[PDB]
Amino acid sequence: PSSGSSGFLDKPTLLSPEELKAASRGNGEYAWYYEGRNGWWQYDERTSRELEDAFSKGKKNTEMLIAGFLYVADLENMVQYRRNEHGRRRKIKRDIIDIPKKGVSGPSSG
Ligand SMILES: Nc1ncnc2c1ncn2[C@@H]1O[C@H](COP(=O)(O)OP(=O)(O)OP(=O)(O)O)[C@@H](O)[C@H]1O
């Protein structure tokens with residue numbers, strides 16, 4: 001016996017199933033982002049680990065604290081909003097780190 005429900009599934013794209021998997025498995029890292037004024041900006045490692053655990057637990061939305069506010073992170077539509085707000089919402093996403101050249105170096109003697 002077997003099923004398509006025995007594995008994970010990704011959001012839509014213009015790429016292929018062998019591209020999305022390769023972008024992830026080529027490093028095995030992860031990060032979360034949200035749309036600010038000038039583009040996508042990364043969450044704190046304190047915070048993004050809570051978002052990363054929520055889709056792994058099975059919940060459809062989780063909660064997080066910031067500079068002075070509680071934001072509800074919805075995993076279904078990939079957005080954030082305040083607990084009292086039903087309509088107005090800001091975009092979030094998952095992404096992967098590629099690692100800089102600073103990750104490669106010689107022996108401790110030089
Ligand atoms: N995902 C987030 N992580 C951390 N801080 C956030 C996040 N979303 C909002 N903030 C910050 O919390 C503060 C208030 O956010 P709020 O959503 O009220 O801003 P806003 O006035 O609606 O912004 P804008 O109209 O520019 O989108 C701002 O300093 C904002 O950058």
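Quick look at the numbers
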read-out: Pair list, Cβ < 6 Å and 6+ apart or interchain, from region 4-20 residues that are within 19 Å of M78 (Cα to Cα) to residues that are assigned to a loop (DSSP other than H, G, I, E, B) and among the acidic types (D, E); value: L20/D10
read-out: Filtered residues of region 20-40 (kept if part of a helix (DSSP H, G or I) and either surrounded by 11 or more Cβ atoms within 10 Å (Cβ to Cβ) or among the aromatic types (F, W, Y) (or both)); value: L20, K21, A22, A23, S24
read-out: Within region 88-110, tally of residues that are more than 12 Å from the ligand (Cβ to nearest atom) and not in a strand (DSSP E or B); value: 15
read-out: Hits in region 35-62 - residues which are within 12 Å of the ligand (Cβ to nearest atom) and in contact (Cβ under 8 Å) with a residue 12 or more places away in the chain; value: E35, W40, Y43, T47, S48, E50, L51
read-out: Checklist (1) away from the ligand (no atom under 16 Å from the Cβ); (2) under 14 Å from the mean Cα position of the chain (by Cα); (3) without any contact (Cβ under 8 Å) to a residue 12 or more places away in the chain; (4) at negative phi applied to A23, failing item; value: (3)
read-out: Residue, surrounded by the fewest Cβ atoms within 10 Å (Cβ to Cβ), within region 70-89, restricted to residues that are under 21 Å from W40 (Cβ atoms) and among the polar types (S, T, N, Q); value: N77
read-out: Residues of region 64-87 classified as more than 9 Å from the ligand (Cβ to nearest atom), assigned to a loop (DSSP other than H, G, I, E, B) and more than 17 Å from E52 (Cα to Cα), total; value: 5
read-out: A67 among the small types (G, A, S) and surrounded by 10 or more Cβ atoms within 10 Å (Cβ to Cβ); value: no
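Since every read-out is calculated from the coordinates, none of them should be taken as a lab result. We place every Cβ from the backbone using ideal geometry, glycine too, and count neighbours over all the protein chains shown.
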